[PDB]
There are 8 protein chains.
Amino acid sequence: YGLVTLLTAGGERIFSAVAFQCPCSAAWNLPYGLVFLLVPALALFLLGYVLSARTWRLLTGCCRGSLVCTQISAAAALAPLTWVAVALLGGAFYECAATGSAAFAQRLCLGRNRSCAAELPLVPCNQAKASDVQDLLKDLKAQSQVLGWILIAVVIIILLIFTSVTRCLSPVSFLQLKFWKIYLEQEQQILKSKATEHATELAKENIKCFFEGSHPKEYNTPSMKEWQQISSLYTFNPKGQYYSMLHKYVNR
Amino acid sequence: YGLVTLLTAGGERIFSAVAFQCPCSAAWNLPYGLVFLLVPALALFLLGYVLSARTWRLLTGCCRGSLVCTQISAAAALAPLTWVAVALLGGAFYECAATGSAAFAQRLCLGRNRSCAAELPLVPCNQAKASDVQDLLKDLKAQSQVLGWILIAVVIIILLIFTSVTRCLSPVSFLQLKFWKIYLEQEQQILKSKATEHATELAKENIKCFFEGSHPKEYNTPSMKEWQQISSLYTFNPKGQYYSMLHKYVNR
Amino acid sequence: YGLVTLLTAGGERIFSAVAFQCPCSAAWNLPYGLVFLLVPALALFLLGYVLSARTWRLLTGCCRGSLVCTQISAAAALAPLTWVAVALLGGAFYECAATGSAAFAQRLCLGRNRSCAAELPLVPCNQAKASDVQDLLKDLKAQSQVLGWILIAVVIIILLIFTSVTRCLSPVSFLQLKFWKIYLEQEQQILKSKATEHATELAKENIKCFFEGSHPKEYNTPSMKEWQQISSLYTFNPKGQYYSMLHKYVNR
Amino acid sequence: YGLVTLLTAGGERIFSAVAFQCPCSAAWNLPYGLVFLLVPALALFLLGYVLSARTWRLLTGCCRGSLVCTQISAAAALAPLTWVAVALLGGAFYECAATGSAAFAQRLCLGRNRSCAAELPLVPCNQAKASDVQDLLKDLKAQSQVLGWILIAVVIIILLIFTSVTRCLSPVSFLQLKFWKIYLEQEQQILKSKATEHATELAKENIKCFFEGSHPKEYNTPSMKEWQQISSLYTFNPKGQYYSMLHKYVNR
Amino acid sequence: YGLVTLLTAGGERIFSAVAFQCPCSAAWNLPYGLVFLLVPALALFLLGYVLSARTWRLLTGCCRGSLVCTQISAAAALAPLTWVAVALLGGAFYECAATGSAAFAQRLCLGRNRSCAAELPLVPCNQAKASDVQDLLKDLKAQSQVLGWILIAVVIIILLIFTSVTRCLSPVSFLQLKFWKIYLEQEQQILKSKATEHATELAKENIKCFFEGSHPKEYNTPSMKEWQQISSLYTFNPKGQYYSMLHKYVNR
Amino acid sequence: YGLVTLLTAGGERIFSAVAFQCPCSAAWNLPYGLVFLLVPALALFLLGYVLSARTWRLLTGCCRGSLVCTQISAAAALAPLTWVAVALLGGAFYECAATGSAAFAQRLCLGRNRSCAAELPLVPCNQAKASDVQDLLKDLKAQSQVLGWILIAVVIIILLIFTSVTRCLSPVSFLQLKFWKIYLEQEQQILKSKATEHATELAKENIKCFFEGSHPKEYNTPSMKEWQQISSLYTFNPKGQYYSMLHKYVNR
Amino acid sequence: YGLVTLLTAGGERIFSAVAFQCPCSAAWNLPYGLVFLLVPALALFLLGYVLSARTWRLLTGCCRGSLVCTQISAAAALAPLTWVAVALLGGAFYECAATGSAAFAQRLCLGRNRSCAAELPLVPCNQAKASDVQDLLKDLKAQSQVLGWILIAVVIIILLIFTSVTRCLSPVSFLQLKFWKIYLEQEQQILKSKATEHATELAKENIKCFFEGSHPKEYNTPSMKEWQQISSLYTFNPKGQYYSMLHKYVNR
Amino acid sequence: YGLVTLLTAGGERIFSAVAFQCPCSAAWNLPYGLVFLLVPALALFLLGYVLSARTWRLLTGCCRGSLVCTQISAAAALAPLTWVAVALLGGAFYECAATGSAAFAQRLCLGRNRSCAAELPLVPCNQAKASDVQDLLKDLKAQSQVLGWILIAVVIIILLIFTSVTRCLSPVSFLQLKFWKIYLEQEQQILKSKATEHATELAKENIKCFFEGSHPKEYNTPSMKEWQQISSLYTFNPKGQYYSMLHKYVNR
């Protein structure tokens, strides 16, 4: 129960602290909103760029290269656009971005009060009492929500076009592509299991020879150059079907 | 419990943020309502256009074609019309679409206050106090609900006519069509299972030959051209009953 | 828990949105009530006309015919009358239908205020304050509930007469009719099961021959013309008892 | 959980809609109460007249007959009298029936206000403020409850006399009648089970002969005329004890 | 859950409708209270007169007779006196019976206000404000509770005397009477079971002979006159101990 | 759940109806309290006089006798004194018995107001406002509680003396008396079981001979005079230890 | 659930009725408090004097004797002192005993108001408003609590001294006394079990001989004089260790 | 559930009755606080002096002796100091002990009001309104809490020094002392079990010889003098290791 109580207390503290006031300030407010827009987005973008095992396979070993890189970058950049869309639909952040550069303000307000740019930043702060800006906050909320929805539409459209073209120009057919993906899944699980038990037997034998203090068995040697050889990425050629480069490396 | 608490917090944030104020604005309001009508509808339309495995079979491989395309498009377009109907029945969105182009306003209001078009947009905003428009918001709600119900009737009617004609002109009878669909279902499940275990044995053999470092078995080769050959779509001819083109491809 | 929470949220949104205000309008109100009466009724009528497997058997195959058609139409039209009865007993819809054509209003009001037809539509809206119409709304509620109950009586009476005559003029007796229906039920379940397993073996054999790449077995052929032949509908003749036309088709 | 939530919502809607206001109207009120008394009673009467399997046995086959018909009609009419008794004990319905024909009103009120018949119908409506009728509503409630209880007494008395005479004049004794009813119960269950499995074997054999496409077995024929012969109703004669006419039909 | 919800709704409706107002009326009130006293009592009396299997044994077969009849009538009349006692202890009913015939009123009130009989019936109605009757309602409540308790004492006394005399004059002793009752209980259960299985075998044999269409077995015949012979009631004679007349009928 | 809900409703009705107001009346109040004291006490006394199987053994068979009768009467009269003690400790009943005969009142009140006997009965009714009686109600509550506790002491004392003397003058010792009571308990249970199964076999044999219609077995006869002989009560004599007269009746 | 509901209702009634008001009365109050102190104490004292099986062994059989009698009386009188201590610590009872004889009052009050003895009894009643006695109630509460605690100390001290001396002068040592008590416990349980089964076999044999009606077995006779002989109490002599007089009676 | 409900009711009564008012009295207050300090402490001290089995071994048998006596007294006096410390930390008791002898008061108050000793006792009673004593109650609370904490420190210090010296001067080492304590624990449990079963066999044999009435077996005799011999206390000598004097008594 200790973990549960500490976690609820931590969550409450975290959220009460991330309370978003949108400080009404003449010049320090724009970055305040901008970081709450971009920085968590950049964070999730980086974590996506990290998590996928597809990129590490290419990166390791002392670092055509465009296609794979843009593919992985988009497959990871899926999510940060979702965060920025959800946030922009939250309305608070962009409403806080109202001030921005003075150009936004001068172009923004209808020019009714003739005193916009001076203390417009008070408009999400609710402290200004001029009727014009009290109506302008609403229009800013509108622009925020609309821009957010337009972005979440553009992202889904781009995902469609990307995956459709990637499914259109491949040489292999569909009903074979499904079987191929099932194959690679099974290969990964089998590799995990059997490599696990083989490392287990290696460790057992060597550690027993150490406890006794005698010569080892010398059963076999997994070649390191062979390991690097099977880490290749592309895994396709029209002639040598040979999926999963490991499987391709059984002819020699 | 962490997932549960985070999900409820996320849901509450999401819904409190998608709070729909319908900002009363002279010109920026129309698109505000229009995107909340169309964009989620377009989103669900695209996801439907994506999800069904029937279309990918046709699309892959470097892209009469009308019939299958309109069939799949309608079978996927079922749902977006449901979203737009539910939303239009919500009333808020179309009520927000009241303003639109000025033509809607000039034709819309009874001309009582003679000051409609100037600040009609305040009518869902509840800020205008002229009696005429305070009554006009109600009529707009009515037009919204009625249009929504008419649309949800037209969509069900169209679905009826579509599925009835598609069931009317087919050469095969009913009690055989049911058995045929059961057959294709069983074939899909059997294919999944046996292809899974065959890929499993392939991976096991090849990965063992790799761990040992010796020649593979060369059991058999699933031909890629054969795979593409069995991905065909139509699966009917009056003479060669041969359902499920895979099954049709057993004569040669 | 995600499904549960999303479903309760969706239900609350759906019902709060289907909130029925009965907009008080001089001319746009009548259709508002009329669609909420008829359209869901038409919807349930269509779904009934769709769901029953009895009609598809007749319809498929390029489309005395009166009797079966009216039987199926009534057996499906059972429910829409129930919806319209429940709704009319709800009172709100017909109360909203008060205005209708002006003929209803002129014949309706007792002529006390002499100003009925002008702004009677306000009477379910509760905005009119003339005593005469404030009493007239009550009488309209009465007419609604009474008409609803009369309809729900007429529908049960018609169902009685229909099923009684259909049970009266049949040649077969009762205690045999029960056994016959049990027989057809068992036949349907047996057909489902055995056709399932036979399609399973067909798919298994053909898919194995495909994986290997060799000739199939050629066990037997379910004739398509035979399938259509056994899809017949009537299933009765005084001489050849032969229930369930499939069973009738065992003599030749 | 979906069914549970939808059912509670439906029940709440149904009951809130069947809210009984007893509209105070000069002439349209009497039928309003009368239908809520009679129509659900007629409904339950019809469902009783339908549900019992005893009547269908007599009715089917192209339609002394008095005794069985009055027996079944009373055995089914048990319940509608219970509904009308419960409703009359509810008090609202008969209180609404106060107005009725003017004869009821003129005979009803004590003649104190001398203005009864004009706007007596307001008396359950609570809108009239004359002391005489405000006391008269109470007496009407009394007459309702008393009449209801008298009816629920008369119905139980009639049930007593009916079942007692039916138990008095039968030739067979009691301790044998109990065993006879147990016998018929067991016979019904055995018939259900064995007819079920026999229809199952019939369907299995015929459907296998169809799948193969060969001649059937011709095991035996349940004669339809025999089926009608065993559907007889009376099942008694002093000489040939032979309960359950099916059992009577074993001599020839 | 449907049954549970419908039952609680029905119970609430039933009890809210059986709400007992005791309408204050000059002449229609007395029967109002009297029926709520007697009619449910008569109902439970009749159900008791029905339920016991002891009376049917005597009644069937075309209808000393005093003793058995008064015994069964008292054994069933136990409960209605309990209902009337509980109700009279409820106080509301007899308080409503205050008015009754005018003789009760004239003898009842102390004659203080000299205006009792005119509008005494208002006294449980709480509408009369004369101090004398406002005190008289209390005395009436007292008379009700006291009479109820005296009745519930008289009924228990009568039950004592009845069962004691019935236990006093019997020829058999106690420790044998207990064993005799255990015997009859076991005999009833054995008869139920074995008659059940024998009717089961009868039905099975006859229904099989019907399905096949051949002659029955003719195993044995339970004689109907024998059945009536064993339905006798008295079951005692000093010489032929022979409990349970069925058992008495084993000598011939 | 039906039983649970009906029972709670019945209990609430029962207790709300047994609400004890102690009607303040000049002459009808004394019996009101007196019956609520004595009648339930008499009821529980009678049920005790009934329940014990010890008395029936003596009573049956056409009805020194003092000792057994007073023993059983006291062993059953234990409880009614407990009821009257609990009630008297309740205080309400005796407080209601304040008035009683006028002698109690004249001796009771201190004579301060000189107007006691006229309307003293109002003193538990709280309607009288003279200070003297408002203090006198408290003293009456005191007399009630004290008398109750004195009675509950006298009853326990009497129980002590009774059981002690009954344990003092018996000839048998203690450690043998315990074993004797265990013996009689075991004998009762064994008799129940074996008599049950013997009656079961009797019924089985006779009912089988009836179903077949043949002569019975004539196994043995439990003599009725023997049954009465073993129903004797005293079960002691210094010479023939022979507990449990049944056991005493094994010598001849 | 019936027992649970009835028990909670009974408990609530019991405790609400044992509500302790301490009636302020000039002379009837002292016994009111005194009985609530002594009588339940006497009750628990008597139940203790009854429950212990040690005293009955001495008492039965037509009634040095000081030591055993005072031992058992103290071992049972443990609890009543606990009740009186808890009650005296309750404070209400002794506070009610304030008045007592007039000597307590005259010695009690400081003599400030000079009007103590007249209406001091009002002091726990809170009705007197003289400051002196309003302070005197507090001192009386103090005297009550202090006396209670002194008594609960004296009782524990006496228990200590009693059990210590009883453990000091016994001839046997400790580690043997523990084993002896374990022995007597085991002997009691063994006696219960084996006497139970022996009485069971006795009853079985005799009741079978009765059912058959033949001579008994005459296995053996437990001598009654022997039973009394083994009921002796003291169970000690320095020479013949022979615990548990039953065990002592194995030499002859 | 009865035990649970009675226990919660008893606990509530007990605690509501032990409510501590600290009666403000000039002279009767000091003992009031002093008994609530000392008497429960003395009680727990006595129960500790009783419970430990170590002291009884020394005490029994007609009563260097200093060391064991002070050891057991301290090991039992652990707890009463804890009670008095907790109570003194409660603050109420010592605050009530404020008055005490007049010397405490005269030395206590700062002499500001010059009227301390007269009615200082009102200071925990909150009835005195002089500012000086209203501040003095706080200082008294302080002195109470501080003294309590100093006492709970002194007791832990004394326990440390006691157990450390007792662990310092013993001849045996630690790792052997632990094993010795484990040994004595196992010996106690083994003795309990085997003595139990041996007493069981003794009782069984003797009670069987009694039931039969014949001579016993005379298996063996546990000598009473031997029992006392093995009850010795010290259990140590440097030469004869022989833990657990019972074990020491195996040489002769």
# chains A, B, ... in the order shown; residues from 1 in each chain; ligands from 1
>>> residues_around(residues="range 150-156 of chain F", least_positions_apart="2", cutoff="9 Å", atoms="only C-alpha atoms", output="PyMOL selection string")
(chain F and resi 78+81-82+84-86+145-148+158-161) or (chain G and resi 35+39-40+42-43+46-47)
>>> interface_residues(of="chain B", to="chain A", cutoff="7 Å", atoms="only C-alpha atoms", output="number ranges by chain")
B: 17-18, 23, 25, 32, 35, 39, 43, 57, 59-63, 195-196, 199-200, 203-204, 206, 210, 215-216, 227-228, 231
>>> write_last_selection(atoms="C-alpha atoms", output="compact mmCIF listing (two decimals), in the first residue's frame")
# COMPACT_ATOMS: atom_id res chain seq x y z
CA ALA B 17 -10.06 20.86 -23.07
CA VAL B 18 -12.40 19.91 -25.94
CA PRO B 23 -16.87 31.71 -29.73
CA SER B 25 -17.18 36.24 -33.53
CA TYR B 32 -14.76 27.17 -36.00
CA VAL B 35 -14.01 22.15 -38.67
CA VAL B 39 -12.53 17.26 -39.59
CA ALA B 43 -10.63 11.50 -39.68
CA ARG B 57 -5.22 -6.42 -51.37
CA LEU B 59 -3.78 -1.41 -53.67
CA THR B 60 -0.41 -3.09 -53.18
CA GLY B 61 1.82 -3.92 -56.12
CA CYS B 62 2.25 -0.68 -58.10
CA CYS B 63 -1.44 0.26 -57.72
CA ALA B 195 1.69 -20.17 -41.85
CA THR B 196 2.65 -19.19 -38.30
CA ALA B 199 7.51 -19.71 -40.39
CA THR B 200 8.37 -20.90 -36.89
CA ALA B 203 13.22 -19.67 -38.36
CA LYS B 204 14.17 -22.47 -35.98
CA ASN B 206 17.88 -21.39 -40.04
CA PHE B 210 23.51 -20.10 -37.81
CA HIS B 215 24.78 -25.51 -44.20
CA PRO B 216 20.95 -25.32 -44.04
CA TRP B 227 2.29 -15.53 -53.43
CA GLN B 228 1.40 -12.62 -55.70
CA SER B 231 -3.46 -12.37 -53.91
>>> select_by_dssp(residues="range 2-192 of chain E", states="helix (DSSP H, G or I)", output="count of residues only")
148
>>> residues_around(residues="residue 110 in chain E", least_positions_apart="4", cutoff="12 Å", atoms="only C-alpha atoms", output="ChimeraX atom specification")
/E:104-106,114-117,131-133,135-136,139 /F:26
>>> write_last_selection(atoms="C-alpha atoms", output="compact mmCIF listing (two decimals), in the first residue's frame")
# COMPACT_ATOMS: atom_id res chain seq x y z
CA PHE E 104 -71.90 4.47 17.76
CA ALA E 105 -71.41 8.22 17.58
CA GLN E 106 -74.29 9.21 19.87
CA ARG E 114 -73.26 18.87 21.52
CA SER E 115 -72.25 18.90 17.84
CA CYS E 116 -70.60 15.46 17.60
CA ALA E 117 -72.68 13.50 15.13
CA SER E 131 -61.12 20.23 21.46
CA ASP E 132 -63.57 17.50 22.51
CA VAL E 133 -63.21 15.38 19.39
CA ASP E 135 -59.30 14.27 22.45
CA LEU E 136 -61.84 11.65 21.32
CA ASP E 139 -59.69 7.26 23.04
CA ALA F 26 -59.85 9.61 32.28
>>> closest_residue(among="C:162, C:112, C:236, C:27", to="residue 74 in chain C", atoms="only C-alpha atoms")
C:162
